file coords_27.tsv (TSV, C-alpha atoms and all ligand atoms)
chain	number	residue	atom	x	y	z
A	1	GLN	CA	-0.17	13.77	-19.79
A	2	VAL	CA	1.33	10.68	-21.46
A	3	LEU	CA	0.16	7.51	-19.68
A	4	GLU	CA	2.47	4.49	-19.41
A	5	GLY	CA	2.37	0.84	-18.49
A	6	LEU	CA	4.25	-0.83	-15.62
A	7	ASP	CA	7.12	-1.89	-17.98
A	8	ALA	CA	8.20	1.81	-17.99
A	9	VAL	CA	8.75	1.78	-14.20
A	10	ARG	CA	10.61	-1.57	-14.29
A	11	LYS	CA	13.00	-0.29	-16.98
A	12	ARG	CA	13.75	2.99	-15.13
A	13	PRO	CA	12.92	2.44	-11.41
A	14	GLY	CA	15.32	5.24	-10.31
A	15	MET	CA	13.06	7.77	-12.10
A	16	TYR	CA	10.11	6.87	-9.81
A	17	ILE	CA	11.71	5.77	-6.49
A	18	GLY	CA	15.17	7.38	-6.68
A	19	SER	CA	17.27	4.24	-6.34
A	20	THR	CA	17.08	0.43	-6.16
A	21	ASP	CA	18.97	0.17	-2.83
A	22	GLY	CA	17.40	0.33	0.65
A	23	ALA	CA	16.29	3.95	0.12
A	24	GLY	CA	14.31	2.91	-2.92
A	25	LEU	CA	12.97	-0.26	-1.26
A	26	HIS	CA	11.61	1.86	1.58
A	27	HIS	CA	10.13	4.44	-0.83
A	28	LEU	CA	7.67	1.62	-1.79
A	29	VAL	CA	6.49	1.57	1.88
A	30	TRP	CA	6.24	5.41	1.90
A	31	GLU	CA	3.99	5.39	-1.23
A	32	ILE	CA	1.45	2.97	0.23
A	33	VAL	CA	1.62	4.48	3.77
A	34	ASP	CA	1.17	8.01	2.29
A	35	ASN	CA	-2.08	6.86	0.54
A	36	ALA	CA	-3.48	5.63	3.91
A	37	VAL	CA	-2.30	8.87	5.56
A	38	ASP	CA	-4.01	11.03	2.88
A	39	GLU	CA	-7.24	9.15	3.45
A	40	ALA	CA	-7.02	9.71	7.31
A	41	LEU	CA	-6.11	13.35	6.68
A	42	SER	CA	-9.40	13.76	4.79
A	43	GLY	CA	-11.18	12.40	7.88
A	44	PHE	CA	-11.54	8.72	6.97
A	45	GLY	CA	-9.96	6.22	9.38
A	46	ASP	CA	-8.28	6.66	12.78
A	47	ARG	CA	-5.76	3.83	12.50
A	48	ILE	CA	-3.15	2.67	10.03
A	49	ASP	CA	-1.54	-0.74	10.67
A	50	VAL	CA	1.81	-1.75	9.13
A	51	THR	CA	3.12	-5.36	9.31
A	52	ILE	CA	6.44	-6.70	8.07
A	53	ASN	CA	5.45	-10.29	7.29
A	54	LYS	CA	7.62	-13.38	7.87
A	55	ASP	CA	7.86	-14.06	4.12
A	56	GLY	CA	9.40	-10.58	3.58
A	57	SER	CA	6.22	-8.94	2.26
A	58	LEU	CA	4.80	-5.78	3.81
A	59	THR	CA	1.15	-5.00	4.63
A	60	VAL	CA	-0.45	-1.57	5.17
A	61	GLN	CA	-4.08	-1.45	6.30
A	62	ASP	CA	-6.32	1.55	6.70
A	63	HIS	CA	-9.92	2.02	7.93
A	64	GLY	CA	-10.79	4.74	5.42
A	65	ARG	CA	-13.56	4.60	2.81
A	66	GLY	CA	-12.11	1.74	0.71
A	67	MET	CA	-10.89	2.35	-2.84
A	68	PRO	CA	-13.83	2.52	-5.28
A	69	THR	CA	-15.04	-0.99	-6.14
A	70	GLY	CA	-16.79	-0.18	-9.45
A	71	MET	CA	-15.76	-0.29	-13.12
A	72	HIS	CA	-13.67	2.03	-15.31
A	73	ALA	CA	-13.98	1.44	-19.08
A	74	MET	CA	-14.35	-2.01	-20.78
A	75	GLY	CA	-15.26	-3.75	-17.52
A	76	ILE	CA	-11.87	-2.98	-15.96
A	77	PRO	CA	-12.12	-2.30	-12.20
A	78	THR	CA	-11.18	1.23	-11.07
A	79	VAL	CA	-8.80	-0.55	-8.66
A	80	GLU	CA	-7.06	-2.28	-11.57
A	81	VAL	CA	-6.65	1.08	-13.39
A	82	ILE	CA	-5.10	2.64	-10.17
A	83	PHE	CA	-2.63	-0.25	-9.85
A	84	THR	CA	-1.66	-0.76	-13.53
A	85	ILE	CA	-1.57	2.67	-15.31
A	86	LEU	CA	1.21	5.12	-14.51
A	87	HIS	CA	0.01	8.74	-14.71
A	88	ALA	CA	3.62	9.90	-15.24
A	89	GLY	CA	-7.55	9.24	-0.13
A	90	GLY	CA	-5.91	9.07	-3.60
A	91	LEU	CA	-4.41	6.68	-4.74
A	92	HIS	CA	-2.14	7.29	-7.73
A	93	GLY	CA	-0.12	10.00	-9.64
A	94	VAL	CA	1.72	7.71	-9.20
A	95	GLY	CA	2.12	5.57	-6.05
A	96	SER	CA	0.04	2.38	-6.15
A	97	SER	CA	1.07	1.49	-9.73
A	98	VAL	CA	4.81	2.14	-9.08
A	99	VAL	CA	4.79	-0.22	-6.08
A	100	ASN	CA	2.86	-2.85	-8.10
A	101	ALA	CA	5.39	-2.52	-11.01
A	102	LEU	CA	8.30	-3.12	-8.61
A	103	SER	CA	6.71	-6.07	-6.71
A	104	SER	CA	6.86	-9.80	-7.61
A	105	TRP	CA	3.32	-9.90	-6.21
A	106	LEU	CA	0.73	-7.52	-4.80
A	107	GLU	CA	-2.72	-8.01	-3.15
A	108	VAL	CA	-5.25	-5.26	-2.52
A	109	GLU	CA	-8.25	-5.95	-0.27
A	110	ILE	CA	-11.13	-3.47	-0.06
A	111	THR	CA	-13.95	-3.48	2.47
A	112	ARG	CA	-17.02	-1.33	1.99
A	113	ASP	CA	-20.78	-1.39	1.60
A	114	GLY	CA	-21.01	-4.76	3.38
A	115	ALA	CA	-18.66	-6.52	0.92
A	116	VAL	CA	-14.98	-7.57	0.84
A	117	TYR	CA	-13.14	-7.50	-2.49
A	118	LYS	CA	-9.68	-8.68	-3.51
A	119	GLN	CA	-7.40	-8.37	-6.55
A	120	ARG	CA	-4.01	-10.03	-6.94
A	121	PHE	CA	-1.16	-9.08	-9.26
A	122	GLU	CA	2.05	-10.94	-10.04
A	123	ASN	CA	5.38	-10.49	-11.81
A	124	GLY	CA	5.58	-6.70	-11.92
A	125	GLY	CA	1.87	-5.91	-11.64
A	126	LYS	CA	0.08	-8.21	-14.07
A	127	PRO	CA	-3.43	-8.99	-12.75
A	128	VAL	CA	-3.95	-12.72	-12.11
A	129	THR	CA	-7.50	-12.15	-10.85
A	130	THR	CA	-10.12	-9.46	-11.41
A	131	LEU	CA	-11.53	-7.46	-8.46
A	132	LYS	CA	-13.39	-10.40	-6.85
A	133	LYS	CA	-15.98	-10.25	-4.08
A	134	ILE	CA	-14.46	-12.68	-1.53
A	135	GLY	CA	-16.79	-12.09	1.42
A	136	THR	CA	-18.97	-9.85	3.57
A	137	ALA	CA	-18.56	-7.48	6.52
A	138	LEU	CA	-20.74	-5.26	8.64
A	139	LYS	CA	-21.82	-2.06	6.74
A	140	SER	CA	-19.87	-0.05	9.34
A	141	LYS	CA	-16.62	-1.70	8.21
A	142	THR	CA	-14.55	0.15	5.61
A	143	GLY	CA	-10.94	0.27	4.46
A	144	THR	CA	-8.06	-0.57	2.10
A	145	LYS	CA	-5.37	-3.19	2.72
A	146	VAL	CA	-2.29	-3.55	0.45
A	147	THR	CA	0.30	-6.31	0.80
A	148	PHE	CA	3.27	-6.45	-1.55
A	149	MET	CA	6.44	-8.48	-2.08
A	150	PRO	CA	9.22	-6.28	-3.46
A	151	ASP	CA	10.86	-7.65	-6.61
A	152	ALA	CA	14.21	-9.31	-5.70
A	153	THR	CA	15.27	-9.01	-9.37
A	154	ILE	CA	15.05	-5.15	-9.08
A	155	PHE	CA	16.26	-4.27	-5.56
A	156	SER	CA	19.79	-4.91	-4.25
A	157	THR	CA	18.17	-5.44	-0.84
A	158	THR	CA	14.62	-6.70	-0.12
A	159	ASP	CA	15.05	-6.49	3.71
A	160	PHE	CA	12.66	-3.97	5.30
A	161	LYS	CA	14.26	-2.17	8.26
A	162	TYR	CA	12.01	-1.95	11.33
A	163	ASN	CA	13.81	1.10	12.77
A	164	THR	CA	13.59	2.99	9.45
A	165	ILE	CA	9.86	2.26	9.15
A	166	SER	CA	9.19	2.99	12.84
A	167	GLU	CA	10.75	6.51	12.51
A	168	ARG	CA	8.75	7.37	9.39
A	169	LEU	CA	5.44	6.23	10.96
A	170	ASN	CA	6.19	8.11	14.20
A	171	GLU	CA	6.73	11.28	12.07
A	172	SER	CA	3.51	10.60	10.10
A	173	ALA	CA	1.53	10.13	13.36
A	174	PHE	CA	2.90	13.47	14.65
A	175	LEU	CA	1.98	15.34	11.43
A	176	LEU	CA	-1.49	13.73	11.15
A	177	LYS	CA	-2.70	13.94	14.80
A	178	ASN	CA	-5.44	11.78	16.37
A	179	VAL	CA	-4.55	8.72	14.24
A	180	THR	CA	-2.81	5.59	15.57
A	181	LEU	CA	0.07	4.30	13.41
A	182	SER	CA	1.32	0.80	14.28
A	183	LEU	CA	4.27	-1.31	13.23
A	184	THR	CA	4.56	-5.09	13.84
A	185	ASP	CA	7.58	-7.11	12.65
A	186	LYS	CA	6.51	-10.79	12.33
A	187	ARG	CA	10.18	-11.79	11.64
A	188	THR	CA	11.35	-10.65	15.07
A	189	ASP	CA	7.97	-10.11	16.94
A	190	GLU	CA	8.76	-6.39	17.58
A	191	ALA	CA	5.82	-3.99	17.76
A	192	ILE	CA	5.18	-0.32	18.52
A	193	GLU	CA	2.30	2.16	18.23
A	194	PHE	CA	2.27	5.94	17.77
A	195	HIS	CA	-0.61	8.39	18.45
A	196	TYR	CA	-0.40	12.17	19.04
A	197	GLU	CA	-3.51	13.78	20.61
A	198	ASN	CA	-4.22	17.37	19.60
A	201	LIG	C1	-3.35	0.64	2.35
A	201	LIG	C2	-3.18	1.83	1.42
A	201	LIG	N1	-4.30	2.73	1.58
A	201	LIG	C3	-4.95	3.30	0.51
A	201	LIG	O1	-4.55	3.24	-0.66
A	201	LIG	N2	-6.08	3.99	0.89
A	201	LIG	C4	-6.93	4.57	-0.04
A	201	LIG	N3	-8.15	4.95	0.28
A	201	LIG	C5	-8.78	5.49	-0.80
A	201	LIG	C6	-10.08	5.99	-0.89
A	201	LIG	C7	-10.55	6.49	-2.09
A	201	LIG	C8	-11.93	7.01	-2.23
A	201	LIG	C9	-13.03	6.30	-1.78
A	201	LIG	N4	-14.31	6.70	-1.87
A	201	LIG	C10	-14.48	7.89	-2.46
A	201	LIG	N5	-13.51	8.68	-2.94
A	201	LIG	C11	-12.25	8.22	-2.82
A	201	LIG	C12	-9.64	6.44	-3.18
A	201	LIG	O2	-10.10	6.95	-4.36
A	201	LIG	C13	-9.36	6.84	-5.56
A	201	LIG	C14	-10.18	7.63	-6.58
A	201	LIG	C15	-10.42	6.84	-7.84
A	201	LIG	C16	-9.13	7.08	-8.61
A	201	LIG	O3	-8.45	8.19	-7.99
A	201	LIG	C17	-9.37	8.79	-7.07
A	201	LIG	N6	-8.38	5.96	-3.16
A	201	LIG	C18	-8.02	5.50	-1.96
A	201	LIG	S1	-6.41	4.85	-1.70
call {"tool": "encode", "arguments": {"input": "coords_27.tsv", "output": "structure tokens", "more": "lines below"}}
Ligand SMILES: CCNC(=O)Nc1nc2cc(-c3cncnc3)c(OC[C@@H]3CCOC3)nc2s1
result
Amino acid sequence: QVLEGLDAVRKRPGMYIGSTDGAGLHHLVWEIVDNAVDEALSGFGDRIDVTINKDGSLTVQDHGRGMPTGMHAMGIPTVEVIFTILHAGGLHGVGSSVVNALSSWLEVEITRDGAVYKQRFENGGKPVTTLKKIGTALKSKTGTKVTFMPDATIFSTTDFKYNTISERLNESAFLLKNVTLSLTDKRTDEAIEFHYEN
């Protein structure tokens, strides 16, 4: 297993997301959604909320365990390793890092153990903060939130399509069972929820 930096993805995006058109743009959504879905599949979290923000960024929030908030080597947060090393609930191999590489900015927010942490990356996944404790929450509160702005210098289109996302989340709700998937478009105010009882 040869590990790579985020430059590798930016130089050959087609290798990781297939294309740099709308199909590729939406593959970024699929990667982050799929990480939330994997976490719910393992029994952690019963809702996954997706928001297309007015500024064109996209948020996915889960109520799973929260990505680990500790250190890897050399005082580097485990979260930073997930989002910045390409191994070409989990996590990676290779999703979070590919999305970060192809975003002009990305924020991850983790809630667990009574604490709220945040890390921000810019310009193709360069950390501009460490994993910072930003606040507190009840001990019962857990989850991972990822918001990213796709890189307009990579993609031919940076316009997320509500109907495309809605269909994928409907499908994911049907496969998962007993988990609510929601979509809210802040550009147009549209919203929908999916939940299949089993
Ligand atoms: C909004 C997108 N949603 C998400 O990415 N959800 C995720 N939820 C988890 C939970 C764990 C998690 C927590 N506690 C205990 N075990 C795993 C995890 O672990 C990553 C591990 C360290 C490196 O790879 C294995 N990743 C994720 S991504």
call {"tool": "closest_residue", "arguments": {"input": "coords_27.tsv", "among": "A:144, A:45, A:54, A:25", "to": "ligand LIG 201 (chain A)", "atoms": "only C-alpha atoms and all ligand atoms"}}
result
A:144
call {"tool": "atom_distance", "arguments": {"input": "coords_27.tsv", "atom1": "CA of residue 49 (chain A)", "atom2": "CA of residue 180 (chain A)"}}
result
8.1 Å
call {"tool": "closest_residue", "arguments": {"input": "coords_27.tsv", "among": "A:44, A:105, A:160, A:196", "to": "residue 30 (chain A)", "atoms": "all atoms listed in the file"}}
result
A:160
call {"tool": "residues_near_ligand", "arguments": {"input": "coords_27.tsv", "ligand": "ligand LIG 201 (chain A)", "cutoff": "10 Å", "atoms": "all atoms listed in the file", "output": "mmCIF file with C-alpha atoms, in the frame of the given file"}}
result
data_model
loop_
_atom_site.group_PDB
_atom_site.id
_atom_site.type_symbol
_atom_site.label_atom_id
_atom_site.label_comp_id
_atom_site.auth_asym_id
_atom_site.auth_seq_id
_atom_site.Cartn_x
_atom_site.Cartn_y
_atom_site.Cartn_z
ATOM 1 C CA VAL A 29 6.490 1.570 1.880
ATOM 2 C CA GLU A 31 3.990 5.390 -1.230
ATOM 3 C CA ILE A 32 1.450 2.970 0.230
ATOM 4 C CA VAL A 33 1.620 4.480 3.770
ATOM 5 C CA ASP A 34 1.170 8.010 2.290
ATOM 6 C CA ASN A 35 -2.080 6.860 0.540
ATOM 7 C CA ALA A 36 -3.480 5.630 3.910
ATOM 8 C CA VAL A 37 -2.300 8.870 5.560
ATOM 9 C CA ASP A 38 -4.010 11.030 2.880
ATOM 10 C CA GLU A 39 -7.240 9.150 3.450
ATOM 11 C CA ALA A 40 -7.020 9.710 7.310
ATOM 12 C CA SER A 42 -9.400 13.760 4.790
ATOM 13 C CA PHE A 44 -11.540 8.720 6.970
ATOM 14 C CA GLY A 45 -9.960 6.220 9.380
ATOM 15 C CA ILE A 48 -3.150 2.670 10.030
ATOM 16 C CA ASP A 49 -1.540 -0.740 10.670
ATOM 17 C CA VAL A 50 1.810 -1.750 9.130
ATOM 18 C CA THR A 59 1.150 -5.000 4.630
ATOM 19 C CA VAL A 60 -0.450 -1.570 5.170
ATOM 20 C CA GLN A 61 -4.080 -1.450 6.300
ATOM 21 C CA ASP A 62 -6.320 1.550 6.700
ATOM 22 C CA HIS A 63 -9.920 2.020 7.930
ATOM 23 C CA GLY A 64 -10.790 4.740 5.420
ATOM 24 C CA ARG A 65 -13.560 4.600 2.810
ATOM 25 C CA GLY A 66 -12.110 1.740 0.710
ATOM 26 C CA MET A 67 -10.890 2.350 -2.840
ATOM 27 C CA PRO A 68 -13.830 2.520 -5.280
ATOM 28 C CA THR A 69 -15.040 -0.990 -6.140
ATOM 29 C CA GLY A 70 -16.790 -0.180 -9.450
ATOM 30 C CA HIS A 72 -13.670 2.030 -15.310
ATOM 31 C CA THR A 78 -11.180 1.230 -11.070
ATOM 32 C CA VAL A 79 -8.800 -0.550 -8.660
ATOM 33 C CA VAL A 81 -6.650 1.080 -13.390
ATOM 34 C CA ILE A 82 -5.100 2.640 -10.170
ATOM 35 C CA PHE A 83 -2.630 -0.250 -9.850
ATOM 36 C CA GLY A 89 -7.550 9.240 -0.130
ATOM 37 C CA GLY A 90 -5.910 9.070 -3.600
ATOM 38 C CA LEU A 91 -4.410 6.680 -4.740
ATOM 39 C CA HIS A 92 -2.140 7.290 -7.730
ATOM 40 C CA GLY A 93 -0.120 10.000 -9.640
ATOM 41 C CA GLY A 95 2.120 5.570 -6.050
ATOM 42 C CA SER A 96 0.040 2.380 -6.150
ATOM 43 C CA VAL A 108 -5.250 -5.260 -2.520
ATOM 44 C CA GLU A 109 -8.250 -5.950 -0.270
ATOM 45 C CA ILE A 110 -11.130 -3.470 -0.060
ATOM 46 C CA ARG A 112 -17.020 -1.330 1.990
ATOM 47 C CA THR A 142 -14.550 0.150 5.610
ATOM 48 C CA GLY A 143 -10.940 0.270 4.460
ATOM 49 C CA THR A 144 -8.060 -0.570 2.100
ATOM 50 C CA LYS A 145 -5.370 -3.190 2.720
ATOM 51 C CA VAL A 146 -2.290 -3.550 0.450
ATOM 52 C CA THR A 147 0.300 -6.310 0.800
#
call {"tool": "atom_distance", "arguments": {"input": "coords_27.tsv", "atom1": "CA of residue 21 (chain A)", "atom2": "CA of residue 168 (chain A)"}}
result
17.5 Å
call {"tool": "residues_around", "arguments": {"input": "coords_27.tsv", "residues": "region 11-15 of chain A", "least_positions_apart": "4", "cutoff": "9 Å", "atoms": "all atoms listed in the file", "output": "ChimeraX atom specification"}}
result
/A:6-7,19-20,24,98,102,154
call {"tool": "decode", "arguments": {"input": "coords_27.tsv", "residues": "region 10-41 of chain A", "atoms": "C-alpha atoms", "output": "PDB file, in the first residue's frame"}}
result
ATOM      1  CA  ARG A  10      -5.990  16.976  -7.599  1.00  0.00           C
ATOM      2  CA  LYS A  11      -3.687  15.981 -10.489  1.00  0.00           C
ATOM      3  CA  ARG A  12      -5.785  12.921 -11.454  1.00  0.00           C
ATOM      4  CA  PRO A  13      -9.338  13.457 -10.076  1.00  0.00           C
ATOM      5  CA  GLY A  14     -10.876  11.097 -12.691  1.00  0.00           C
ATOM      6  CA  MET A  15      -8.960   8.192 -11.084  1.00  0.00           C
ATOM      7  CA  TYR A  16     -10.805   8.709  -7.753  1.00  0.00           C
ATOM      8  CA  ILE A  17     -14.241  10.149  -8.731  1.00  0.00           C
ATOM      9  CA  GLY A  18     -14.568   9.076 -12.379  1.00  0.00           C
ATOM     10  CA  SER A  19     -15.004  12.510 -13.936  1.00  0.00           C
ATOM     11  CA  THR A  20     -14.961  16.256 -13.168  1.00  0.00           C
ATOM     12  CA  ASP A  21     -18.485  16.912 -14.546  1.00  0.00           C
ATOM     13  CA  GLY A  22     -21.735  16.628 -12.565  1.00  0.00           C
ATOM     14  CA  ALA A  23     -21.272  12.868 -12.080  1.00  0.00           C
ATOM     15  CA  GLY A  24     -17.949  13.495 -10.386  1.00  0.00           C
ATOM     16  CA  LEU A  25     -19.264  16.474  -8.389  1.00  0.00           C
ATOM     17  CA  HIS A  26     -22.017  14.265  -6.992  1.00  0.00           C
ATOM     18  CA  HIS A  27     -19.584  11.417  -6.236  1.00  0.00           C
ATOM     19  CA  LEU A  28     -18.173  13.789  -3.542  1.00  0.00           C
ATOM     20  CA  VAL A  29     -21.656  13.789  -1.893  1.00  0.00           C
ATOM     21  CA  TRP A  30     -21.846   9.957  -2.205  1.00  0.00           C
ATOM     22  CA  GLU A  31     -18.466   9.528  -0.414  1.00  0.00           C
ATOM     23  CA  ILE A  32     -19.465  11.583   2.627  1.00  0.00           C
ATOM     24  CA  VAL A  33     -23.074  10.231   2.701  1.00  0.00           C
ATOM     25  CA  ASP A  34     -21.735   6.633   2.435  1.00  0.00           C
ATOM     26  CA  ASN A  35     -19.539   7.212   5.559  1.00  0.00           C
ATOM     27  CA  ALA A  36     -22.633   8.325   7.551  1.00  0.00           C
ATOM     28  CA  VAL A  37     -24.593   5.365   6.137  1.00  0.00           C
ATOM     29  CA  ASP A  38     -21.831   2.873   7.146  1.00  0.00           C
ATOM     30  CA  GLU A  39     -21.901   4.263  10.666  1.00  0.00           C
ATOM     31  CA  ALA A  40     -25.776   3.871  10.874  1.00  0.00           C
ATOM     32  CA  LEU A  41     -25.455   0.392   9.365  1.00  0.00           C
TER      33      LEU A  41
END
